[PDB]
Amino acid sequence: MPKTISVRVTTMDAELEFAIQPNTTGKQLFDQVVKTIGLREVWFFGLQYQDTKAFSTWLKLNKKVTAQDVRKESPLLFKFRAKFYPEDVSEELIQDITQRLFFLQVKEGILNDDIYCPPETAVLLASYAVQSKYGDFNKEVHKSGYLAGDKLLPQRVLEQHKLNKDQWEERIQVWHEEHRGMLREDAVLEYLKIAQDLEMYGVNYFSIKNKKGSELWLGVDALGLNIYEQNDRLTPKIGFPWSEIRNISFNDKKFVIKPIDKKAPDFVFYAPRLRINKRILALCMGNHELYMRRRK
């Protein structure tokens, strides 16, 4: 291990470079990242890395970077990403940078099908992404095919319809023209206001089984924990708002939710690995912390 360690941190739209030392903490690195990009609304964010087993891992801020399971690579690679989502972008995201980082991260998930989006909504979202990139539609510059180079729609939407690219561009262009006069920054915000109402937005999903051995999903989001049928990640089968949870715990693969009613039985589920239960508990603690902070 060297006296000076090169680090690369990638945000959704920037590659940043830093130099740390053997005793540098995660927090010290994180502080350099956010200062560099002028981000004040820092509480949603974290640094992710691939560990020595090639699993994505959040960096602990109150520990030395070198004491964590980072890989034998130089430079060390991290991704700066939102770990937590606001309950309403309009209540919490004031800065342009914060809005932009959420917009790009969310858009990535919409485009890669991670966040389900109805086709007509996907077209509307695309049109706001276009307003943000291109500004006001102008018939003199934006000739037919001006969107040909852009990936604008989820792959599922493209595959499940029989429109070609020109036909999609037509639908998107009509909406683009409707947005005339909208600031590029306002288009980003409008995109987020639409996206945040999608049922899969802001939900961390985990593969679990119940006691009967049925496959399910567990979701952790800003408001609590939810259990979903394997084939329906849009509507919870069971919901657990924070206020209704007395305790959550795990032992290896077994996860237990204890309801506030002491006479009601515990809910038991099984995750694929200990690592997943640690992820679940960490996301619950962090979301609950921010939930309370909002309401202080």
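Position 1 is the first residue in the sequence shown; the rest follow in order.
The PDB entry records a higher mean C-alpha B factor for 15-23 than for its counterpart among 15-23 and 278-286. Of the two segments, 181-189 and 124-132, the one listed with the higher mean B-factor is 181-189 (C-alpha atoms only). The maximum CA B-factor among the listed residues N210, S74, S207, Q95, taken from the PDB record, is found at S74.
Take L104, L147, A82, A195 and read off each C-alpha B-factor from the entry; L147 has the highest.
Among all modelled residues in its chain, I257 ranks in the middle third by Cα B-factor. Per the PDB record, residue ranking by Cα B-factor puts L163 in the middle third of the chain. Split the chain's modelled residues into thirds by C-alpha temperature factor. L218 is in the lowest one.
Among the modelled residues of the chain, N226 sits in the lowest third by CA temperature factor in this PDB entry. When the modelled residues of the chain are ordered by their C-alpha B factor, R40 lands in the lowest third.
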